[PDB]
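Residue numbers (the authors' numbering): 1 to 188.
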């Protein structure tokens with residue numbers, strides 16, 4: 001076929017029930033994740049090809065960057081709770097991988113302050129039990145698919161994108177092939 005299991009995607013040996021429709025995992029320590037966000041705009045181009053009625057989910061993972069990695073997962077929980085993903089994603093990535101000015105929880109916090117989230121509101125979110133289960137949700141989803149690498153996308157808890165099997169000579173072509181794959185798996 002044109003789309004083959006083990007080519008543009010793999011099938012999960014152990015499908016996950018009730019999983020989000022389009023589930024994406026990343027880490028601010030993850031170099032391909034940086035690319036996926038700032039150079040390729042993967043999430044955005046996938047979205048632009050998904051049908052009416054599709055929710056798109058993105059979670060942070062713990063297994064990179066040790067202690068700071070966990071802080072970043074809590075921070076992404078804060079971002080999701082406050083709805084400020086689109087204001088902190090870029091400065092978190094660049095603070096970690098480009099300028100390397102993020103070294104502690106306080107530096108993560110500064111990124112939010114500079115993005116215009118008030119201290120009082122950030123600290124309250126940070127310590128809230130609405131952020132705790134949001135952290136729990138992130139961890140659960142990763143655990144359910146036995147996740148050991150990012151970037152990763154899973155469709156309807158059963159299919160996992162395999163970007164290793166797409167041409168990379170051209171960035172633009174890579175992205176569309178990726179997004180078309182998601183769409184195909186979506187319709188499956």
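All C-beta atoms in this analysis are idealised placements derived from N, C-alpha and C, irrespective of residue type, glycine included.
Shown here for residue 138: same chain residues with a beta carbon closer than 8 Å to its own, the five before and five after excluded, namely 59, 60, 61, 73, 76, 77 in chain order. In this structure, the alpha-carbon of residue 54 lies about 28 Å from that of residue 129.
Separation of the CB atoms of residue 150 and residue 182 is rounded to 16 Å, and the pair is thereby denied contact status at 8 Å. Sequence-distant Cβ neighbours of residue 174 in its own chain, meaning closer than 8 Å and more than five residues away, are 40, 163, 166, 167, 168. Annotation: residue 153 to residue 100 spans about 27 Å, alpha carbon to alpha carbon. With fewer than 16 other Cβ atoms from the protein chains shown falling within 10 Å of its own Cβ, residue 171 counts as exposed. Setting aside the 5 residues that flank it on each side, residue 16 is surrounded in the same chain by 144, 157, each with a C-beta closer than 6 Å to its C-beta; the list follows chain order. Shown here, residue 5 sits in a strand according to DSSP, grouped into three states. Beta-bridge annotation (DSSP): residue 56 is paired with 22. According to DSSP, residue 155 shares a beta bridge with 22, 159. Secondary structure at residue 11: strand, using DSSP grouped into helix, strand and coil.
Inter-residue distance for residue 134 and residue 81 is about 8 Å (C-alpha atoms, whole angstroms). Non-local C-beta neighbours of residue 33 in its own chain, meaning closer than 7 Å and more than five positions away in sequence, comprise 26, 27, 150, 151, ordered along the chain. Counting only runs that start and end inside the stretch 90-162, the alpha helix (DSSP H) elements of at least 4 residues fall at 105-114, 119-126, 129-144. For the set 36, 46, 14, the Cα lying nearest the Cα of residue 184 is the one of 46. Distance check between residue 97 and each of 12, 38, 1 places 38 closest, using alpha-carbon atoms only.
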